[PDB]
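Novice: Dropping in work04.pdb, which is PDB, C-alpha atoms and all ligand atoms:
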ATOM      1  CA  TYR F1152     126.322  69.652  -3.362
ATOM      2  CA  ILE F1153     126.750  66.004  -4.484
ATOM      3  CA  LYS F1154     124.546  63.903  -2.301
ATOM      4  CA  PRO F1155     123.058  60.460  -2.797
ATOM      5  CA  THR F1156     119.863  60.530  -0.788
ATOM      6  CA  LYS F1157     117.775  57.787   0.765
ATOM      7  CA  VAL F1158     114.099  57.977   1.726
ATOM      8  CA  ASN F1159     111.727  55.260   2.937
ATOM      9  CA  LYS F1160     108.163  55.080   1.563
ATOM     10  CA  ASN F1161     105.067  52.871   2.024
ATOM     11  CA  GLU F1162     103.262  51.172  -0.839
ATOM     12  CA  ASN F1163     101.268  54.334  -1.533
ATOM     13  CA  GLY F1164     104.428  56.375  -1.899
ATOM     14  CA  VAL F1165     103.963  58.176   1.414
ATOM     15  CA  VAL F1166     107.212  59.110   3.197
ATOM     16  CA  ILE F1167     107.734  56.949   6.247
ATOM     17  CA  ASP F1168     111.164  57.884   7.606
ATOM     18  CA  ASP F1169     111.025  57.540  11.421
ATOM     19  CA  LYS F1170     107.616  55.828  11.388
ATOM     20  CA  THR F1171     106.728  52.684  13.237
ATOM     21  CA  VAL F1172     106.734  49.803  10.778
ATOM     22  CA  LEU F1173     104.966  46.545  11.536
ATOM     23  CA  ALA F1174     106.518  43.144  10.993
ATOM     24  CA  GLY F1175     105.553  41.968   7.498
ATOM     25  CA  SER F1176     105.340  45.528   6.070
ATOM     26  CA  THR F1177     107.491  46.499   3.101
ATOM     27  CA  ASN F1178     109.928  49.430   3.162
ATOM     28  CA  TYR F1179     109.790  50.893  -0.348
ATOM     29  CA  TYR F1180     113.258  52.460  -0.053
ATOM     30  CA  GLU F1181     113.991  55.026  -2.728
ATOM     31  CA  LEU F1182     117.665  55.651  -3.437
ATOM     32  CA  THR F1183     118.812  58.707  -5.406
ATOM     33  CA  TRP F1184     121.946  58.404  -7.533
ATOM     34  CA  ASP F1185     123.030  62.055  -7.697
ATOM     35  CA  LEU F1186     124.600  62.690 -11.057
ATOM     36  CA  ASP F1187     123.468  66.280 -11.692
ATOM     37  CA  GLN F1188     126.873  67.716 -10.691
ATOM     38  CA  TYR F1189     128.585  66.066 -13.673
ATOM     39  CA  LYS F1190     126.833  67.942 -16.533
ATOM     40  CA  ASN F1191     129.272  68.614 -19.379
ATOM     41  CA  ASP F1192     131.971  66.464 -17.875
ATOM     42  CA  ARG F1193     134.597  65.335 -20.382
ATOM     43  CA  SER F1194     136.806  62.942 -18.449
ATOM     44  CA  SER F1195     139.459  60.669 -19.880
ATOM     45  CA  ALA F1196     138.796  57.085 -20.891
ATOM     46  CA  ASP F1197     140.854  55.720 -17.998
ATOM     47  CA  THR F1198     138.693  57.736 -15.600
ATOM     48  CA  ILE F1199     135.372  56.668 -17.055
ATOM     49  CA  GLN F1200     136.614  53.051 -16.920
ATOM     50  CA  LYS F1201     136.761  53.252 -13.127
ATOM     51  CA  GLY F1202     133.016  52.573 -13.230
ATOM     52  CA  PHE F1203     129.787  53.478 -11.456
ATOM     53  CA  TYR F1204     128.341  51.532  -8.545
ATOM     54  CA  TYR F1205     125.618  52.109  -5.972
ATOM     55  CA  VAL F1206     125.629  50.417  -2.563
ATOM     56  CA  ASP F1207     122.770  49.809  -0.164
ATOM     57  CA  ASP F1208     123.982  48.672   3.233
ATOM     58  CA  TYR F1209     120.712  47.226   4.576
ATOM     59  CA  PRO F1210     120.172  45.814   8.036
ATOM     60  CA  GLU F1211     119.953  42.058   7.271
ATOM     61  CA  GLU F1212     119.011  41.075  10.770
ATOM     62  CA  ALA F1213     115.754  43.074  10.448
ATOM     63  CA  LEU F1214     114.855  43.048   6.768
ATOM     64  CA  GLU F1215     114.630  40.703   3.842
ATOM     65  CA  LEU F1216     115.162  41.663   0.263
ATOM     66  CA  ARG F1217     112.508  41.726  -2.380
ATOM     67  CA  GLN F1218     114.855  41.400  -5.324
ATOM     68  CA  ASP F1219     112.157  41.063  -7.891
ATOM     69  CA  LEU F1220     110.607  44.322  -7.010
ATOM     70  CA  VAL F1221     113.788  46.275  -7.602
ATOM     71  CA  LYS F1222     113.307  49.027 -10.182
ATOM     72  CA  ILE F1223     115.674  51.632 -11.646
ATOM     73  CA  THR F1224     114.383  54.678 -13.503
ATOM     74  CA  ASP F1225     116.240  57.757 -14.894
ATOM     75  CA  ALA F1226     115.213  61.370 -14.288
ATOM     76  CA  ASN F1227     113.531  61.532 -17.711
ATOM     77  CA  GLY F1228     111.351  58.586 -16.615
ATOM     78  CA  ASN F1229     113.068  56.098 -18.865
ATOM     79  CA  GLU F1230     113.507  52.794 -17.122
ATOM     80  CA  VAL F1231     117.248  52.278 -16.836
ATOM     81  CA  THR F1232     118.943  49.336 -18.541
ATOM     82  CA  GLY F1233     122.571  48.260 -18.227
ATOM     83  CA  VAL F1234     122.648  48.353 -14.424
ATOM     84  CA  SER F1235     122.720  44.954 -12.759
ATOM     85  CA  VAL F1236     122.003  44.266  -9.084
ATOM     86  CA  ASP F1237     123.830  41.830  -6.778
ATOM     87  CA  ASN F1238     123.127  40.931  -3.172
ATOM     88  CA  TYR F1239     126.103  39.877  -1.040
ATOM     89  CA  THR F1240     125.663  38.165   2.336
ATOM     90  CA  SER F1241     128.970  39.544   3.555
ATOM     91  CA  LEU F1242     132.054  41.414   2.408
ATOM     92  CA  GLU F1243     133.885  38.087   2.451
ATOM     93  CA  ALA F1244     131.534  36.701  -0.186
ATOM     94  CA  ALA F1245     131.871  39.647  -2.631
ATOM     95  CA  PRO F1246     134.306  39.189  -5.534
ATOM     96  CA  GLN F1247     137.695  40.970  -5.320
ATOM     97  CA  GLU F1248     136.520  43.480  -7.879
ATOM     98  CA  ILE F1249     133.779  44.536  -5.489
ATOM     99  CA  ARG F1250     135.961  44.418  -2.334
ATOM    100  CA  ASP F1251     138.540  46.669  -4.134
ATOM    101  CA  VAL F1252     136.004  49.235  -5.327
ATOM    102  CA  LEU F1253     134.566  49.462  -1.810
ATOM    103  CA  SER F1254     137.978  49.648  -0.095
ATOM    104  CA  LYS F1255     139.323  52.386  -2.386
ATOM    105  CA  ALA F1256     136.136  54.338  -1.847
ATOM    106  CA  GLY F1257     136.424  54.122   1.938
ATOM    107  CA  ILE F1258     133.179  52.160   2.201
ATOM    108  CA  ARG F1259     132.906  49.137   4.517
ATOM    109  CA  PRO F1260     129.355  47.710   4.671
ATOM    110  CA  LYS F1261     128.233  46.117   7.919
ATOM    111  CA  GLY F1262     127.007  42.550   7.245
ATOM    112  CA  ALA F1263     124.965  42.193   4.034
ATOM    113  CA  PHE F1264     124.673  44.779   1.252
ATOM    114  CA  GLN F1265     123.446  45.246  -2.333
ATOM    115  CA  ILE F1266     125.588  46.499  -5.193
ATOM    116  CA  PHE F1267     124.052  48.053  -8.311
ATOM    117  CA  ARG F1268     126.710  48.047 -10.999
ATOM    118  CA  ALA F1269     126.782  49.736 -14.406
ATOM    119  CA  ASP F1270     127.518  46.869 -16.831
ATOM    120  CA  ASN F1271     129.207  49.196 -19.334
ATOM    121  CA  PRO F1272     130.925  52.284 -17.811
ATOM    122  CA  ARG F1273     131.431  54.053 -21.143
ATOM    123  CA  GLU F1274     127.768  53.605 -22.029
ATOM    124  CA  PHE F1275     126.476  54.477 -18.535
ATOM    125  CA  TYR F1276     128.734  57.552 -18.551
ATOM    126  CA  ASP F1277     127.608  58.789 -22.022
ATOM    127  CA  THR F1278     123.961  58.206 -21.136
ATOM    128  CA  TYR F1279     123.499  59.627 -17.617
ATOM    129  CA  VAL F1280     126.687  61.118 -16.161
ATOM    130  CA  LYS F1281     128.094  63.578 -18.772
ATOM    131  CA  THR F1282     124.434  64.638 -19.044
ATOM    132  CA  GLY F1283     123.715  64.810 -15.311
ATOM    133  CA  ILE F1284     120.556  62.649 -15.214
ATOM    134  CA  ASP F1285     119.770  61.533 -11.667
ATOM    135  CA  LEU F1286     118.630  57.934 -11.256
ATOM    136  CA  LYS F1287     116.067  56.619  -8.806
ATOM    137  CA  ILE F1288     116.533  53.090  -7.454
ATOM    138  CA  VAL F1289     113.662  51.428  -5.658
ATOM    139  CA  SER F1290     114.729  48.467  -3.556
ATOM    140  CA  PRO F1291     111.854  47.152  -1.368
ATOM    141  CA  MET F1292     112.696  45.274   1.815
ATOM    142  CA  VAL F1293     110.238  43.486   4.126
ATOM    143  CA  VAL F1294     110.457  43.561   7.931
ATOM    144  CA  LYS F1295     111.041  39.988   9.212
ATOM    145  CA  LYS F1296     108.297  38.494  11.416
ATOM    146  CA  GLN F1297     110.838  38.085  14.216
ATOM    147  CA  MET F1298     111.213  41.891  14.498
ATOM    148  CA  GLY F1299     107.537  41.864  15.557
ATOM    149  CA  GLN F1300     108.310  39.365  18.314
ATOM    150  CA  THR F1301     111.112  41.459  19.830
ATOM    151  CA  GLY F1302     110.433  45.030  18.773
ATOM    152  CA  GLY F1303     113.445  47.068  17.710
ATOM    153  CA  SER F1304     114.865  49.663  15.428
ATOM    154  CA  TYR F1305     116.691  49.323  12.135
ATOM    155  CA  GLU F1306     118.558  51.667   9.877
ATOM    156  CA  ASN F1307     119.401  51.776   6.227
ATOM    157  CA  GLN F1308     122.111  53.679   4.370
ATOM    158  CA  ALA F1309     123.361  53.946   0.772
ATOM    159  CA  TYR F1310     126.528  55.047  -1.038
ATOM    160  CA  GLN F1311     127.248  56.023  -4.606
ATOM    161  CA  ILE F1312     130.611  55.374  -6.198
ATOM    162  CA  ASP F1313     131.497  57.420  -9.286
ATOM    163  CA  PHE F1314     134.881  57.018 -10.945
ATOM    164  CA  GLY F1315     135.854  55.028  -7.892
ATOM    165  CA  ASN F1316     134.974  57.885  -5.527
ATOM    166  CA  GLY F1317     132.507  57.195  -2.696
ATOM    167  CA  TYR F1318     129.708  59.418  -1.380
ATOM    168  CA  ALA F1319     127.524  58.448   1.576
ATOM    169  CA  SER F1320     123.770  59.033   1.821
ATOM    170  CA  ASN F1321     121.789  60.145   4.831
ATOM    171  CA  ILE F1322     120.743  57.324   7.117
ATOM    172  CA  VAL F1323     117.077  56.304   7.438
ATOM    173  CA  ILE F1324     115.826  54.851  10.720
ATOM    174  CA  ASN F1325     112.521  53.118  11.555
ATOM    175  CA  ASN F1326     111.296  51.016  14.468
ATOM    176  CA  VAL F1327     109.134  47.918  14.819
ATOM    177  CA  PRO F1328     106.443  47.453  17.503
ATOM    178  CA  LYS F1329     106.468  44.375  19.677
ATOM    179  CA  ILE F1330     102.984  42.957  19.209
ATOM    180  CA  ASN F1331     101.933  41.192  22.397
ATOM    181  CA  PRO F1332      98.350  39.820  22.459
ATOM    182  CA  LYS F1333      96.979  38.830  25.878
ATOM    183  CA  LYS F1334      94.284  36.410  27.032
ATOM    184  CA  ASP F1335      92.293  36.794  30.263
ATOM    185  CA  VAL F1336      89.353  34.846  31.687
ATOM    186  CA  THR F1337      86.477  36.989  32.995
ATOM    187  CA  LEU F1338      83.095  36.571  34.655
ATOM    188  CA  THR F1339      81.578  39.691  33.217
ATOM    189  CA  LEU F1340      81.787  41.648  29.998
ATOM    190  CA  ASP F1341      82.431  45.255  30.297
ATOM    191  CA  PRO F1342      85.888  46.388  29.556
ATOM    192  CA  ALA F1343      86.348  48.579  32.672
ATOM    193  CA  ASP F1344      86.473  45.598  34.989
ATOM    194  CA  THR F1345      90.011  44.376  35.049
ATOM    195  CA  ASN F1346      89.129  41.187  36.927
ATOM    196  CA  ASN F1347      91.039  38.171  35.609
ATOM    197  CA  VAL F1348      90.250  34.616  36.725
ATOM    198  CA  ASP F1349      93.187  32.954  34.923
ATOM    199  CA  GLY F1350      94.179  30.281  37.372
ATOM    200  CA  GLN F1351      91.139  30.230  39.622
ATOM    201  CA  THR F1352      88.258  27.793  39.372
ATOM    202  CA  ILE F1353      84.979  28.042  37.461
ATOM    203  CA  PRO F1354      81.869  26.193  38.743
ATOM    204  CA  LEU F1355      80.415  23.695  36.269
ATOM    205  CA  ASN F1356      77.867  25.266  33.874
ATOM    206  CA  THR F1357      79.048  28.815  34.601
ATOM    207  CA  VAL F1358      78.709  31.122  31.607
ATOM    208  CA  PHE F1359      81.920  33.161  31.294
ATOM    209  CA  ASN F1360      84.114  34.962  28.733
ATOM    210  CA  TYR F1361      87.585  34.562  27.296
ATOM    211  CA  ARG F1362      88.988  38.080  26.948
ATOM    212  CA  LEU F1363      91.167  38.198  23.807
ATOM    213  CA  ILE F1364      93.220  41.390  23.942
ATOM    214  CA  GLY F1365      94.715  42.352  20.570
ATOM    215  CA  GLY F1366      98.199  43.687  19.980
ATOM    216  CA  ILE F1367      98.806  47.417  20.203
ATOM    217  CA  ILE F1368      99.379  49.167  16.942
ATOM    218  CA  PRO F1369     101.085  52.447  17.798
ATOM    219  CA  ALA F1370     100.334  55.912  16.355
ATOM    220  CA  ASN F1371     102.558  57.159  13.496
ATOM    221  CA  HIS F1372     102.736  53.751  11.715
ATOM    222  CA  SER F1373     103.702  53.313   8.095
ATOM    223  CA  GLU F1374     100.666  51.483   6.353
ATOM    224  CA  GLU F1375      97.203  50.656   6.337
ATOM    225  CA  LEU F1376      95.693  48.016   8.538
ATOM    226  CA  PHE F1377      93.981  45.427   6.388
ATOM    227  CA  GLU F1378      93.721  42.463   8.769
ATOM    228  CA  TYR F1379      93.284  42.133  12.536
ATOM    229  CA  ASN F1380      91.861  38.781  13.632
ATOM    230  CA  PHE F1381      91.385  36.880  16.882
ATOM    231  CA  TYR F1382      91.689  33.134  16.194
ATOM    232  CA  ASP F1383      90.768  30.784  19.045
ATOM    233  CA  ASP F1384      90.878  26.965  18.883
ATOM    234  CA  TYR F1385      89.398  26.366  22.359
ATOM    235  CA  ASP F1386      89.091  23.037  24.177
ATOM    236  CA  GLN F1387      85.488  21.977  23.453
ATOM    237  CA  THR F1388      85.713  19.012  25.883
ATOM    238  CA  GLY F1389      85.672  21.720  28.540
ATOM    239  CA  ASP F1390      84.327  24.884  26.923
ATOM    240  CA  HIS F1391      81.180  25.349  24.862
ATOM    241  CA  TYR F1392      81.109  28.518  22.702
ATOM    242  CA  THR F1393      77.661  30.025  23.229
ATOM    243  CA  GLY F1394      77.450  31.828  19.884
ATOM    244  CA  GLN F1395      77.869  35.256  21.559
ATOM    245  CA  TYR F1396      80.859  37.579  21.148
ATOM    246  CA  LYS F1397      81.533  41.326  21.358
ATOM    247  CA  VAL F1398      84.490  43.465  20.354
ATOM    248  CA  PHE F1399      85.670  46.704  21.967
ATOM    249  CA  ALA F1400      88.110  49.484  21.115
ATOM    250  CA  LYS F1401      90.976  49.468  23.641
ATOM    251  CA  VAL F1402      92.497  52.837  22.691
ATOM    252  CA  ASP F1403      91.087  55.942  21.035
ATOM    253  CA  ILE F1404      90.992  55.446  17.251
ATOM    254  CA  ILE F1405      91.018  58.091  14.548
ATOM    255  CA  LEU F1406      89.701  57.517  11.070
ATOM    256  CA  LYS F1407      90.925  58.970   7.771
ATOM    257  CA  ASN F1408      87.866  61.243   7.725
ATOM    258  CA  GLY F1409      88.656  62.660  11.183
ATOM    259  CA  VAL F1410      85.922  60.750  12.993
ATOM    260  CA  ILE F1411      87.073  59.651  16.446
ATOM    261  CA  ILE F1412      86.076  56.394  18.119
ATOM    262  CA  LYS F1413      86.689  56.468  21.903
ATOM    263  CA  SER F1414      88.400  53.691  23.811
ATOM    264  CA  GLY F1415      85.722  51.353  25.165
ATOM    265  CA  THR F1416      83.387  51.835  22.195
ATOM    266  CA  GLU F1417      81.864  48.522  21.031
ATOM    267  CA  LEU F1418      83.252  47.717  17.582
ATOM    268  CA  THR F1419      81.273  44.500  16.889
ATOM    269  CA  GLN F1420      79.423  46.121  13.978
ATOM    270  CA  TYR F1421      82.710  46.123  12.050
ATOM    271  CA  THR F1422      83.328  42.378  12.471
ATOM    272  CA  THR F1423      82.165  38.894  11.487
ATOM    273  CA  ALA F1424      83.175  35.495  12.917
ATOM    274  CA  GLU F1425      84.212  32.371  11.075
ATOM    275  CA  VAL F1426      83.019  29.457  13.233
ATOM    276  CA  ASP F1427      84.158  25.838  12.905
ATOM    277  CA  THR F1428      81.987  23.861  15.209
ATOM    278  CA  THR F1429      83.474  20.421  14.519
ATOM    279  CA  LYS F1430      86.995  21.729  15.085
ATOM    280  CA  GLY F1431      85.784  23.747  18.067
ATOM    281  CA  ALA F1432      87.105  27.111  16.831
ATOM    282  CA  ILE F1433      86.164  30.694  16.061
ATOM    283  CA  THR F1434      87.937  33.466  14.175
ATOM    284  CA  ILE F1435      86.737  36.999  14.840
ATOM    285  CA  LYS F1436      87.625  39.119  11.822
ATOM    286  CA  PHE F1437      87.586  42.901  11.440
ATOM    287  CA  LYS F1438      86.175  43.915   8.080
ATOM    288  CA  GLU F1439      89.022  44.964   5.830
ATOM    289  CA  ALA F1440      87.291  48.200   4.729
ATOM    290  CA  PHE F1441      86.865  49.311   8.375
ATOM    291  CA  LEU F1442      90.518  48.616   9.169
ATOM    292  CA  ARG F1443      91.570  50.459   6.017
ATOM    293  CA  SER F1444      89.445  53.484   7.011
ATOM    294  CA  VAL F1445      91.652  53.957  10.090
ATOM    295  CA  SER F1446      94.347  56.637   9.819
ATOM    296  CA  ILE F1447      97.945  55.460   9.532
ATOM    297  CA  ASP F1448      98.732  58.106  12.177
ATOM    298  CA  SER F1449      96.261  56.621  14.621
ATOM    299  CA  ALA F1450      96.943  54.083  17.323
ATOM    300  CA  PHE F1451      94.732  51.007  17.085
ATOM    301  CA  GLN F1452      93.941  48.215  19.477
ATOM    302  CA  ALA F1453      90.867  46.030  20.029
ATOM    303  CA  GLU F1454      89.759  43.177  22.314
ATOM    304  CA  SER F1455      87.173  40.463  21.757
ATOM    305  CA  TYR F1456      85.081  38.754  24.379
ATOM    306  CA  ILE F1457      83.860  35.247  23.474
ATOM    307  CA  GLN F1458      81.124  33.860  25.712
ATOM    308  CA  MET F1459      81.699  30.254  26.847
ATOM    309  CA  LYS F1460      79.937  27.798  29.162
ATOM    310  CA  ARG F1461      82.077  25.431  31.273
ATOM    311  CA  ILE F1462      80.461  22.046  30.524
ATOM    312  CA  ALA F1463      82.663  19.443  32.221
ATOM    313  CA  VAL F1464      84.998  19.062  35.180
ATOM    314  CA  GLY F1465      88.754  19.077  34.832
ATOM    315  CA  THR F1466      91.519  21.473  33.910
ATOM    316  CA  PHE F1467      91.151  23.372  30.647
ATOM    317  CA  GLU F1468      93.580  25.627  28.826
ATOM    318  CA  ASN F1469      93.193  28.121  26.117
ATOM    319  CA  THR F1470      95.349  30.199  23.760
ATOM    320  CA  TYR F1471      94.556  32.562  20.915
ATOM    321  CA  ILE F1472      96.381  33.929  17.895
ATOM    322  CA  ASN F1473      96.146  37.601  16.911
ATOM    323  CA  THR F1474      96.863  37.931  13.187
ATOM    324  CA  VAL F1475      97.867  41.489  12.184
ATOM    325  CA  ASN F1476      98.414  42.193   8.501
ATOM    326  CA  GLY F1477      99.219  38.576   7.707
ATOM    327  CA  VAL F1478     101.519  37.998  10.653
ATOM    328  CA  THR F1479     100.543  35.668  13.495
ATOM    329  CA  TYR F1480     101.267  36.479  17.151
ATOM    330  CA  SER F1481     100.247  34.106  19.955
ATOM    331  CA  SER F1482      98.849  35.106  23.332
ATOM    332  CA  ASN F1483      99.717  33.629  26.712
ATOM    333  CA  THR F1484      97.880  30.419  27.623
ATOM    334  CA  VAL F1485      95.226  30.523  30.320
ATOM    335  CA  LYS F1486      94.295  27.599  32.581
ATOM    336  CA  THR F1487      91.185  27.203  34.750
ATOM    337  CA  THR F1488      89.925  24.439  37.035
ATOM    338  CA  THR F1489      86.496  22.867  37.460
TER     339      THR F1489
HETATM  340 CA    CA E   1     123.992  45.401   6.083
HETATM  341 CA    CA E   2      88.807  23.155  19.436
END
What would you get if you wrote out this structure as structure tokens?
Specialist:
Amino acid sequence: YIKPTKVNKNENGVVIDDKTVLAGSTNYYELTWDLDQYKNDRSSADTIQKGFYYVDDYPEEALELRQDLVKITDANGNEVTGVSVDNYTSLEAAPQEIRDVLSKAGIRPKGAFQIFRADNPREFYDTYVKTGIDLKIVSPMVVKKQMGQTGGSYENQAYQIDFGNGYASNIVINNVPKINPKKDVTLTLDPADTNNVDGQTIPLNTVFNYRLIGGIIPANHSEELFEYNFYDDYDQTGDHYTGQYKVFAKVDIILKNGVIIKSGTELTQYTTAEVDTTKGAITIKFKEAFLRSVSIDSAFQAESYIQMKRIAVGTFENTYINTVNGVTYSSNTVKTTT
């Protein structure tokens, strides 16, 4: 059976079809150009001249192209030359040549799409088609930051067009988690206590905590965590950072080696803090090697407690930024009175 096939992979070449993919992650889409049914073909010149194209109809509202990382290899491992790639923002913008090929093949891409085109049909034919050598196209596409603000699902589909005939690939679907960091104000540490004093008043010179709750990274995700930070530029005219902070697991976490770390476990040992005393700021950073030791199948979430002393009267606000794999996500803003 002639079948162009499409599979999504992470940067380590693991298959990630149906996995949760974080904003900022790359989909290393691998497109198969299925030519193995044409072995020994001996078509006319007119027929060969109808050309060979491949189409990827990618979801442009969710993903951005990484053009430069596009690679085409033949089944014998030779890199493929003679195939050029063009990205079109809409059908309306494609040349007539392209609109006609697509129309006569019964292919109508939704929104934006890529075309891979054999520059010389005769030569492409003689090289890969009459010999039935399948090609592999890798066309990496990054999930836009915005998908991480809204959550959502996206799908990708390809077509191959041989002698002007179109064949559709399977459709690959993934989804993106809405990362929503939260910020509470608490009077005690101890994660079990759900008390939140956002809005209330704090007596002058009270030692308290800002509770910085990280975004939830769901199980079955597509790549390794390498960064998970809590950045807090607090108002030092109101709040004095006391130099004390702790970090806790907020869901059960499973490592690559099978070791489990229960929700509530203190994770401070796997962190450092970058402190900027003049600016009045602190960044709590998970060590990259710890994050990377976590299984891609595991859920992951953590929360930091920074200990503050209220040192003046007035109304003071605070906000923090949770940075996950290079993408920033802001929390709500708390406000207390003194
Ligand atoms: Ca599209
Ligand atoms: Ca500050």
Novice: Just checking: using all atoms listed in the file, which residue out of F:1214, F:1340, F:1182, F:1174 ends up closest to ligand CA 1 (chain E)?
Specialist: F:1214
Novice: So which residues touch residue 1209 in chain F within 10 Å, counting only C-alpha atoms, skipping near sequence neighbours fewer than 3 positions away, as number ranges by chain?
Specialist: F: 1206, 1212-1216, 1260-1265, 1292, 1305-1309
Novice: When you look at residue 1489 in chain F with a cut-off of 8 Å (counting only C-alpha atoms), what residues show up, excluding the ones that are within fewer than 6 positions of it in the same chain? I need them as a list in words.
Specialist: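 Non-adjacent residues within range: residues 1352, 1353, 1354, 1355, 1463, 1464, 1465 and 1466 of chain F.
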Novice: Check the smallest atom-to-atom distance from each of F:1217, F:1160, F:1401, F:1413 to residue 1343 in chain F using all atoms listed in the file, then report the winner.
Specialist: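 Using all atoms listed in the file, residue 1343 in chain F sits closest to F:1401.
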Novice: Quick one: residues within 12 Å of residue 1388 in chain F, all atoms listed in the file, excluding same-chain residues fewer than 6 positions away - as a ChimeraX atom specification?
Specialist: /F:1429-1431,1459-1469
Novice: Can you give me N, CA, C and O atoms for range 1347-1362 of chain F, written as a short mmCIF file (atom, residue, chain, number, x, y, z; two decimals), in the frame of the given file?
Specialist:
data_model
loop_
_atom_site.label_atom_id
_atom_site.label_comp_id
_atom_site.auth_asym_id
_atom_site.auth_seq_id
_atom_site.Cartn_x
_atom_site.Cartn_y
_atom_site.Cartn_z
N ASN F 1347 90.49 39.24 36.43
CA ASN F 1347 91.04 38.17 35.61
C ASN F 1347 91.08 36.88 36.43
O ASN F 1347 91.75 36.82 37.46
N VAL F 1348 90.37 35.86 35.97
CA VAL F 1348 90.25 34.62 36.72
C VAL F 1348 91.17 33.51 36.18
O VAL F 1348 91.00 32.34 36.51
N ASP F 1349 92.14 33.89 35.36
CA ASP F 1349 93.19 32.95 34.92
C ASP F 1349 93.72 32.28 36.19
O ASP F 1349 94.09 32.96 37.15
N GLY F 1350 93.70 30.98 36.21
CA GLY F 1350 94.18 30.28 37.37
C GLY F 1350 93.17 29.84 38.41
O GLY F 1350 93.33 28.82 38.98
N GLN F 1351 92.16 30.61 38.67
CA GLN F 1351 91.14 30.23 39.62
C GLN F 1351 90.29 29.08 39.14
O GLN F 1351 90.59 28.49 38.14
N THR F 1352 89.21 28.78 39.85
CA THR F 1352 88.26 27.79 39.37
C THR F 1352 86.92 28.37 38.89
O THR F 1352 86.47 29.39 39.37
N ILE F 1353 86.32 27.69 37.93
CA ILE F 1353 84.98 28.04 37.46
C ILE F 1353 84.01 26.89 37.76
O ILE F 1353 84.26 25.74 37.39
N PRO F 1354 82.89 27.20 38.44
CA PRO F 1354 81.87 26.19 38.74
C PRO F 1354 81.26 25.63 37.46
O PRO F 1354 81.03 26.38 36.51
N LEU F 1355 81.02 24.32 37.43
CA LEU F 1355 80.42 23.70 36.27
C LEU F 1355 79.15 24.44 35.81
O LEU F 1355 78.32 24.84 36.62
N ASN F 1356 79.02 24.61 34.49
CA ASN F 1356 77.87 25.27 33.87
C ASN F 1356 77.84 26.79 34.05
O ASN F 1356 76.85 27.44 33.74
N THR F 1357 78.93 27.36 34.56
CA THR F 1357 79.05 28.82 34.60
C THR F 1357 79.23 29.36 33.18
O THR F 1357 80.01 28.83 32.38
N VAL F 1358 78.48 30.41 32.85
CA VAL F 1358 78.71 31.12 31.61
C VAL F 1358 79.77 32.18 31.92
O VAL F 1358 79.64 32.94 32.88
N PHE F 1359 80.84 32.18 31.13
CA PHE F 1359 81.92 33.16 31.29
C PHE F 1359 82.47 33.65 29.94
O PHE F 1359 81.94 33.30 28.87
N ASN F 1360 83.53 34.46 29.97
CA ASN F 1360 84.11 34.96 28.73
C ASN F 1360 85.62 34.70 28.70
O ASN F 1360 86.29 34.75 29.73
N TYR F 1361 86.15 34.38 27.52
CA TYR F 1361 87.58 34.56 27.30
C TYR F 1361 87.79 35.98 26.77
O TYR F 1361 87.10 36.40 25.84
N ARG F 1362 88.69 36.72 27.39
CA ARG F 1362 88.99 38.08 26.95
C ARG F 1362 90.25 38.06 26.07
O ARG F 1362 91.36 37.84 26.57
#
